[PDB]
Amino acid sequence: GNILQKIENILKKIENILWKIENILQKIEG
Amino acid sequence: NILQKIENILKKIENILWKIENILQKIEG
Amino acid sequence: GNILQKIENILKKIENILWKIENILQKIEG
Amino acid sequence: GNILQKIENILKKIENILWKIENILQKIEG
Amino acid sequence: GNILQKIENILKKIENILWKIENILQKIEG
Numbered sequence: 001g002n003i004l005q006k007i008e009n010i011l012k013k014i015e016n017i018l019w020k021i022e023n024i025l026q027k028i029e030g
Numbered sequence: 002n003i004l005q006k007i008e009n010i011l012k013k014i015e016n017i018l019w020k021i022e023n024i025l026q027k028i029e030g
Numbered sequence: 001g002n003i004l005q006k007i008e009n010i011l012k013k014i015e016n017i018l019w020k021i022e023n024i025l026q027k028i029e030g
Numbered sequence: 001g002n003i004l005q006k007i008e009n010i011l012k013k014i015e016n017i018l019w020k021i022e023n024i025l026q027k028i029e030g
Numbered sequence: 001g002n003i004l005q006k007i008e009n010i011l012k013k014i015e016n017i018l019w020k021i022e023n024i025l026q027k028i029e030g
């Protein structure tokens with residue numbers, strides 16, 4: 001129930017961190 | 002549904018990782 | 001749909017992409 | 001300790017590793 | 001094993017690959 005909500009929330013955080021990594025790499029390569 | 006949302010976020014994560022992978026291919030280039 | 005099978009399939013692709021990333025990074029570090 | 005909790009723990013570990021990777025890159029780009 | 005265990009196992013592989021990636025980056029300050 002709420003554990004699925006915890007899993008969803010962690011995946012959103014993972015997504016957000018990956019976006020940050022992508023942006024740093026884009027600036028480096030750009 | 003929560004399972005569909007989880008699936009949707011994972012698809013987004015896959016897409017971001019593809020972008021990261023292509024950028025690294027360029028950097029290693 | 002079969003949401004759990006879709007989730008499994010997406011995770012397999014994520015694994016594959018990450019393995020490619022690790023290999024590219026190995027070359028960069030070399 | 002059910003399978004969902006185990007999955008949650010692994011995702012939390014993934015999140016933390018990604019944070020570390022981002023933290024290192026933030027330094028590299030300066 | 002069942003579908004949730006298959007998913008857990010793929011997540012473990014993802015974690016492990018990310019740890020490898022992190023390991024390479026950690027060397028710079030380490």
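Residue numbers (the entry's author numbering), protein chains in the order written: chain C, 1 to 30; chain B, 2 to 30; chain A, 1 to 30; chain D, 1 to 30; chain E, 1 to 30.
Where a beta carbon is used, it is the ideal one built from N, C-alpha and C, also for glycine.
| Asked | Found |
| --- | --- |
| Alpha carbon to alpha carbon, how far is residue 8 of chain C from residue 17 of chain B? Give it in angstroms, no decimals. | 17 Å |
| Taking only the alpha-carbon atoms, compute the straight-line gap between residue 1 of chain D and residue 19 of chain B and give it to the nearest angstrom. | 34 Å |
| To the nearest angstrom, how far is the alpha carbon of residue 6 of chain D from that of residue 11 of chain C? | 15 Å |
| Whose Cβ in chain E lies nearer than 7 Å to the Cβ of residue 12 of chain A? | 10 |
| Quick check on DSSP: helix, strand or coil for residue 13 of chain B? | helix |
| So, under 8 Å CB-CB, residue 15 of chain B and residue 21 of chain A are touching, yes? Tell me the CB distance rounded to an integer number of Å. | Between residue 21 of chain A and residue 15 of chain B the Cβ distance is about 12 Å, and since that is not below 8 Å, they are no contact. |
| Quick check on the burial criterion: 16 or more other C-beta atoms within 10 angstroms. Buried or exposed for residue 28 of chain A? | exposed |
| Under three-state DSSP, which class holds residue 6 of chain D? | helix |
| In whole angstroms, what separates the C-alpha of residue 4 of chain E from that of residue 3 of chain D? | 7 Å |
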